[PDB]
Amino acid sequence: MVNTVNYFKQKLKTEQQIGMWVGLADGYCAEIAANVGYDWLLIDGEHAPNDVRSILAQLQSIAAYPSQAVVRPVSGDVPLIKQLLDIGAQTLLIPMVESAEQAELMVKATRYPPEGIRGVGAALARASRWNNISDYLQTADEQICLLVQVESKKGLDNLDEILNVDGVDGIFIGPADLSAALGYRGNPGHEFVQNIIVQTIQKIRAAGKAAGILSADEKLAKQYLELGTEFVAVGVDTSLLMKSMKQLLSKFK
């Protein structure tokens, strides 16, 4: 076998990718999302009740479909990153990155020694298909994509430094965490927040990195797409399930 191509990583330089947040934490729910035709599915290890085993189940579900899997771990924990890479997550979104030093550690966490600190266990990994991908240890990093979240004042305070870290492919803006950090908790739509978000996207693209964001607001998501944002998540499965069931009940109260 040849390594699974990371089409998400390739498309960061070629097109705008439309994303769905997957927080239903379940292989069956992930499969339903995988049938829709999103460019990418974010399997949320930070804000949905997921662990390594439930994330594997959702990777296996999604693998039969063209949608690309991106995994968010609960934090930039180097041993957890090792685990998520070995179950075969090729794209990682690290929350709350706040310095070039932390971003560089996340780069190393995704690369084998001697260049990085990724633990070597290819015989056991779905990532190498249990060594059925015969050159995995030589080729693996070619198909690994590292994304970091800037979603705090310290992140924005270190934005230019993070954007100069080789091996950070993309910076993703978290409007919920960022708006809270700016004293506008629950109000990311405020002009003060939006102006910082737009300027941040412009600086990310000016440094030649992919910019990303999540907004369930269609008008905001379209504006971010108009600015050239490379990876835009446009909704959340738990939110769409709850809203569609409420909207239906309201037709009958």
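Quick note: we count residues from 1 along the sequence shown, nothing fancier.
Query raised in the report: Out of 112-120 and 80-88, which one has CA B-factors that are higher on average in the deposited record?
Result: Taking the mean C-alpha B-factor of 112-120 and of 80-88, the larger value falls to 112-120.
Report task. Select between 234-242 and 6-14 the stretch whose C-alpha atoms have the higher average B-factor in the entry. Result -> Averaging CA B-factors over each stretch, the winner is 6-14.
Query raised in the report: Which of these, 106, 96, 171, 137, has its C-alpha atom at the highest B-factor, as the entry lists it?
Result: Comparing C-alpha B-factors across 106, 96, 171, 137, the maximum falls on 137.
Query - Residue selected from 198, 29, 64, 48 by maximal Cα B factor - result: Answer, based on the entry's C-alpha B-factors: 198.
Requested in this report: Grab the CA temperature factor for residue 218 from the record and place it in the lowest, middle or highest third of its chain.
Outcome: Highest third of the chain for residue 218's C-alpha B-factor.
Query raised in the report: Within this chain, which third does the Cα B-factor at residue 152 fall in: lowest, middle or highest?
Result: Tercile = lowest for this residue's CA B-factor.
Query - Position of residue 35 among the chain's modelled residues by C-alpha B-factor, lowest, middle or highest third - result: Middle third - that is where residue 35 ends up once the chain's C-alpha B-factors are sorted.
Report task. Taking the values exactly as deposited, rank residue 176 by C-alpha B-factor within its chain and report the matching third: lowest, middle or highest. Result -> It belongs to the middle third of the chain when residues are ordered by C-alpha B-factor.
Report task. Grab the CA temperature factor for residue 60 from the record and place it in the lowest, middle or highest third of its chain. Result -> For residue 60, whose C-alpha B-factor we compare with every modelled residue in the chain, the answer is the lowest third.
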